[PDB]
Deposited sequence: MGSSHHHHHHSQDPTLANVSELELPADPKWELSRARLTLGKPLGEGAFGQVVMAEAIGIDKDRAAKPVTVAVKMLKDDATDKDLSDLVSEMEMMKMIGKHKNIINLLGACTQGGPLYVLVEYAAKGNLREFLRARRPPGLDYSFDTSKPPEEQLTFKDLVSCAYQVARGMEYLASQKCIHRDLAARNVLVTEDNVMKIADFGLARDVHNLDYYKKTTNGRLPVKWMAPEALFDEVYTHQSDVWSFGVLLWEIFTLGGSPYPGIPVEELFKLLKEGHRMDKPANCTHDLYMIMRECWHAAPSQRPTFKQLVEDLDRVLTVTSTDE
């Protein structure tokens, strides 16, 4: 195997790490819950629960380069409260471990579907608006760092123990060289039901197309994890969107919130609001709302 050169700013000794229960596995590799001691340099003995991204046994040379690419991307983007932040890395004396922040309550889609109205309590309208505001603030920071998510969705938003929203999978690598050449991998497909019409047509992703995806994410929040465009075949979605079709207003959703969804779904990408503007409009709705 091959060990990456150590970065003294992020390198953590793997003897300070205790791997635990797995959190899931995918085409990238596998995420394992773990306990890290000394990840806080101010409290060198405080144990902190972290999520460890590593390669599975069936990992090739490209899977290693993709994991390193995601790690180096998180270093350059910087830290923000509403994103999954990098905490450390183990590059010496063993396989590559990428330590990120741990979200105890899973992804946002499962967080909403498990709390639908009839022992995990129940969310209010102000809770759903706050969830959208935190995601908007996270996307505002990513866009300021010229980061295009390309896959913004409720499944890619993680919820912490303190009910903090953190955007995940933002520093992933894309098919840069051979974009029109695919190899029989596993599964996962394209998030066509979250993609803007111009993104479906040209396979080009912008901050404006991320805004469209945020509108679909907003629709997931107030449907408590509903599936977008139910019953619409994948081969007819682009034609329907191009002809003006938009998803209806979800049940128990204010006029202001549905307008924000419709603004994100404007046919012209230049007319859609920016994430900075979305933060302001969601903040104003959050102030006049009270429970």
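Within the chain's deposited sequence, the coordinate-free stretches run 1-20, 139-149, 323-324 in sequence order.
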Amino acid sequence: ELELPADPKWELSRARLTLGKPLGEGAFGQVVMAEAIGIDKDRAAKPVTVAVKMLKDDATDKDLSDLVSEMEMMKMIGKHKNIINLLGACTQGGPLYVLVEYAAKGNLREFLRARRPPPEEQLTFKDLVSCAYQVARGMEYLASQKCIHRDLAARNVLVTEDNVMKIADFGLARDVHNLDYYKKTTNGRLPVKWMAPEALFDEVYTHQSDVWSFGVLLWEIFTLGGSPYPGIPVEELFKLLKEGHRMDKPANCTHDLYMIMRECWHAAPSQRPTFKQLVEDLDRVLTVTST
From here on, numbers count along this sequence of modelled residues.
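Averaged over CA atoms, B-factors in the entry run higher in 27-35 than in the other of 27-35 and 220-228.
Stretches 39-47 and 251-259 differ in mean CA B factor, with 39-47 having the higher one. Looking only at 101, 72, 121, 210, the residue with the top Cα B factor in the deposited structure is 121.
Among 147, 172, 96, 135, the highest C-alpha B-factor recorded in the PDB entry belongs to 172.
In the PDB entry, residue 160 places in the middle third of its chain by CA B-factor.
Remark: residue 188 belongs to the highest third of its chain, ranked by C-alpha B-factor as recorded. In this PDB entry, the Cα temperature factor of residue 206 sits in the bottom third of its chain's modelled residues, the lowest group. For residue 52, the recorded CA B-factor ranks within the middle third of the chain. Only modelled residues enter the ranking. In the deposited entry, the Cα temperature factor of residue 88 sits in the middle third of values across the chain's modelled residues.
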